[PDB]
């Protein structure tokens, strides 16, 4: 029963965690779990409170929460000295998603020149051409495995464009990020930045190589590389899962497919409801830096506090009929799939646009989008497989059929 189930290890929760999330939230929106001392936050306003409070809640354990174990034994009402003494031992410690003030602002600032309205405008117009190139690769087949054939390559190539990767290198980025890929990425971007710093150009990489911190100082090369290359890890898998979740609904809800085809202005609301219903980041964790209180629960220093963004997005105090996929939700943009606070996803706007542009050209070029029944069974008895992880919500594969429009 849910009373002793282990959210982090039990495979019975991978297909659909929301019955379990509902059971937790009805006990309390802030609940101490039966294992590992983890406090699980399934409430929307309580998750918001946690996210906005960096003084009490550190990102050192953001990725995995109780795994791996802390690199120290927590004691006392303050673990800040212990966090500082082992800062470089948490997973992804080199990336901004695990950083607290004052390190966090400096690392995040390096992204700023990539996310200007001018840059995102050029990247958005690029997405229209990229969507057609990706669809060219398999449209004639009338079927595809959507993750490997569209969603993962598309998400990779968008970030490559955003980072100003030279055109002649983009194919290699798709292959390698589709051999240690992280080291390959570091080596490639190290040389990019070193080259642009010695001979500046009128390109995106030079704008990256000449960025300054908020205090005016110049970042080290390794710090530019860490901030820039992290966009692939942060933006590839999550965005791929969102595109595929959108397609799954398009096939399982032909009524919605019909409405979107005839009124393209409903596509943004469809992508937002996809983010609310199938939030790609399933858990997002924090470490209590001091003794504190959320949702009326006394949380000791060193306790893992785990936000479940998909559960907060089904909090009935905020979303009426929260298990219903609805294009009509006036507050759908209030979901927290991209979190809140200083770590609020900088790729939120990018992911929304990837979803809208992808589905625009998908609907243009694919008539009669359907789920493959040989692979997934009938429409009211589907056989889907979700990734066996407690941190991410996404399909492992999605086989679809369609009539090419050309």
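Residue numbers count along the first chain shown, from 1.
Problem set entry | Deposited but uncoordinated residues in the residue 178/residue 179 interval | In the deposited sequence, 10 or more residues between these two have no coordinates.
For this session: Tell me which of 300-308 and 68-76 has the higher mean C-alpha B-factor in the deposited entry.
Result: The entry gives the higher C-alpha B-factor average to 68-76.
For this session: Between 245-253 and 326-334, name whichever shows the higher mean Cα B factor according to the PDB entry.
Result: So the stretch with the higher mean C-alpha B-factor is 326-334.
Problem set entry | Most elevated Cα B-factor in the entry, residues 161, 132, 84, 272 | It is 84.
Exercise. Highest CA temperature factor in the entry: which of 282, 104, 291, 286?
Worked result: So the option with the highest C-alpha B-factor is 291.
Exercise. Taking the entry's C-alpha B-factors for this chain, is residue 276 in the lowest, middle or highest third?
Worked result: According to the entry, residue 276 has a C-alpha B-factor in the chain's lowest third.
Exercise. Should residue 139 be placed in the lowest, middle or highest third of its chain by the C-alpha B factor in the entry?
Worked result: Answer is middle: the recorded C-alpha B-factor places it there.
Exercise. Mind checking which third residue 22 falls in for C-alpha B-factor across the chain?
Worked result: Tercile = middle for this residue's CA B-factor.
Exercise. For residue 29, does the deposited CA B-factor place it in the lowest, middle or highest third of the chain?
Worked result: Within its chain, residue 29 is a middle-third residue by C-alpha B-factor, going by the deposited values.
Exercise. Lowest, middle or highest third: where is residue 344 by Cα B-factor in its chain?
Worked result: As the PDB entry reports it, the C-alpha B-factor of residue 344 lands in the lowest third of its chain.
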